[PDB]
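Visitor: Heads up: the sequence shown is residues 4 to 125, 127 to 261, going by the entry's author numbering. My structure is below; once you've seen it, I'll send some questions.
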Amino acid sequence: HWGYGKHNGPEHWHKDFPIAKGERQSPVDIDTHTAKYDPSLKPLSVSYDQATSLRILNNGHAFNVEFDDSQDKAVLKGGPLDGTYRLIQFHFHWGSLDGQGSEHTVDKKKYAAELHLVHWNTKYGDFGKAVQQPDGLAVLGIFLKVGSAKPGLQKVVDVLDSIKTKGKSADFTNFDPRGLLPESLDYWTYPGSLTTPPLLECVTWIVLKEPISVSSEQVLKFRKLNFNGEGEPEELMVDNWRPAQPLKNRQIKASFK
Ligand SMILES: Cc1ccccc1S(=O)(=O)NC(=O)Nc1ccc(S(N)(=O)=O)nc1
Ligand SMILES: [Zn+2]
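Structure representation (structure tokens):
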């Protein structure tokens, strides 16, 4: 039932998912002047050398690039995290226009899109169990701005025509997520939630300060995807972002001065 339209969008989600008005919902605005530098935060450890991508799926609200998460092949460690978090999938949120699309904002600034690399804590055995824990997930959030092309993104862009509509998937092996990372791993971190239903409060958010640049042509191809299934009326997959939620009793920490 839920989606991003006028009648099923973020402002309606609380009726099926009351945690939508919870105490640690995501995304949030990152007020850069109020975020506190935490010198005890460690460098982030992004170890994607052994990543095994498998498939790309249009799920009706975004597209997921899925990875083999049955071994420690692509893991996130360090930073605010205790233990080891395995990469399971990544996806993006984006706008109908370059001036919006990101979920997190920075001093109220909206980026054209936001990449989420979703990882689960191996102490909980699988993703389904992890989402039931307050430290179950670590999502690495990376802002996209429109400028120069991101070469490492192009393989993703070029397969999208084969998964235009909801429920379509395509083989997507040997994709290297390292090609989507910015130079710096400076980050902000805070406790939050899944940003789509079921909106579970299981995420340590790690949002990188440095955006990546993608080309206008690259984001335009995102906007050619469909929310609908094949044979249903075409509704472009755009503006699949949840707006900033109240920070409430939370402090955003920065890894950098
Ligand atoms: C629930 C859940 C639990 C177990 C297995 C699958 C699923 S799910 O696929 O139905 N839902 C999600 O994975 N939700 C999800 C994932 C990531 C994000 S986020 N915060 O990166 O945008 N939001 C929601
Ligand atoms: Zn997301």
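C-beta atoms are modelled at their ideal positions from N, C-alpha and C, and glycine is treated no differently.
In the DSSP assignment, the beta strand (DSSP E) including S173 goes from what residue to what residue?
Guide: Indexing the sequence shown from 1 puts residue 173 at position 169. From DSSP, the beta strand (DSSP E) with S173 extends over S173 to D175.
Visitor: Following the continuous beta strand (DSSP E) through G235, name the residue where it begins and the one where it ends.
Guide: Along the sequence shown, read from residue 1 onward, the residue named residue 235 stands at position 231. Here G235 belongs to no beta strand (DSSP E), and DSSP marks it neither H nor E.
Visitor: For the beta strand (DSSP E) holding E117, just list the boundary residues, first then last.
Guide: As a first step, residue 117 must be located in the sequence shown, where it is residue number 114. It spans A116 to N124 - the beta strand (DSSP E) in which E117 sits, taken as one unbroken run.
Visitor: Quick one: using the 10 Å Cβ neighbour count with 16 as the cut-off for buried, is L120 buried or exposed?
Guide: If you number the sequence shown from 1, residue 120 lands on position 117. Answer is buried; the Cβ neighbour count reaches 16.
Visitor: DSSP state of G129, grouped into three classes?
Guide: The count along the sequence shown starts at 1 and reaches residue 129 at position 125. Note: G129 maps to coil in three-state DSSP.
Visitor: Per DSSP, what kind of secondary structure is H15 in: helix, strand or coil?
Guide: In the sequence shown, the residue the question calls residue 15 occupies position 12. Three-state DSSP puts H15 in a helix.
Visitor: Between the C-alpha atoms of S217 and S152, what's the straight-line distance to the nearest angstrom?
Guide: Residue mapping note: residue 217 aligns to position 213 of the sequence shown, counting from 1. Residue mapping note: residue 152 aligns to position 148 of the sequence shown, counting from 1. Each residue's alpha carbon lies about 6 angstroms from the other.
Visitor: Identify every residue that forms a DSSP beta bridge with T193.
Guide: For the purposes of this step, residue 193 is taken as residue 189 along the sequence shown, with counting starting at 1. Paired residues: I210 and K257.
Visitor: Could you give the DSSP three-state label for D162: helix, strand or coil?
Guide: As a first step, residue 162 must be located in the sequence shown, where it is residue number 158. Reduced to three states, the DSSP call for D162 is helix.
Visitor: Take every Cβ of the region 18–36, pair it with every Cβ of the region 177–189, and state whether three or more of those distances are shorter than 8 angstroms.
Guide: In short, these stretches do not touch, since the Cβ pair count stays below three.
Visitor: Pick helix, strand or coil for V223, following the three-state DSSP scheme.
Guide: Working through the sequence shown from its first residue, we reach residue 223 at position 219. The answer is helix: DSSP assigns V223 an H, G or I state.
Visitor: Between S166 and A134, what straight-line distance do the alpha-carbon atoms span, to the nearest angstrom?
Guide: In the sequence shown, counting from the first residue as 1, residue 166 sits at position 162. In the sequence shown, counting from the first residue as 1, residue 134 sits at position 130. Whole-angstrom Cα-Cα distance: 31 angstroms.
Visitor: Assign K154 to one of two classes, buried (16 or more other C-beta atoms within 10 Å of its C-beta) or exposed (fewer than that).
Guide: As a first step, residue 154 is located in the sequence shown; it is residue number 150 there, counting from the start. Classification of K154: buried, given that the 10 Å Cβ count is 16 or more.
Visitor: Could you name the residues whose beta carbon sits closer than 6 angstroms to any heavy atom belonging to ligand 2, keeping them in chain order?
Guide: Checking every Cβ against the heavy atoms of ligand 2 under 6 angstroms gives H94, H96, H119 and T199.
Visitor: Compute the minimum distance between the beta carbon of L90 and the heavy atoms of ligand 1, and state whether it is under 8 angstroms.
Guide: As a first step, residue 90 is located in the sequence shown; it is residue number 87 there, counting from the start. No, since every heavy atom of ligand 1 falls outside the 8 angstroms radius drawn around the Cβ of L90.
Visitor: Contact defined as beta carbons within less than 8 angstroms: I believe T125 pairs with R182. What is the distance between those atoms, to the nearest angstrom?
Guide: Position 122 of the sequence shown, counted from the first residue, corresponds to residue 125. Position 178 of the sequence shown, counted from the first residue, corresponds to residue 182. No, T125 and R182 are not in contact; Cβ-Cβ is about 21 angstroms, not under 8 angstroms.
Visitor: Could you please give the first and the last residue of the uninterrupted beta strand (DSSP E) stretch that includes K149?
Guide: Working through the sequence shown from its first residue, we reach residue 149 at position 145. Counting along the chain, the beta strand (DSSP E) containing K149 begins and ends at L141 to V150.
Visitor: Find the nearest neighbour of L198 within the set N11, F20, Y128 and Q53, judged by alpha-carbon distance.
Guide: Residue numbering aside, residue 198 sits at position 194 when the sequence shown is read from its first letter. Comparing Cα-Cα distances from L198 to each of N11, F20, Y128 and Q53, the minimum goes to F20.
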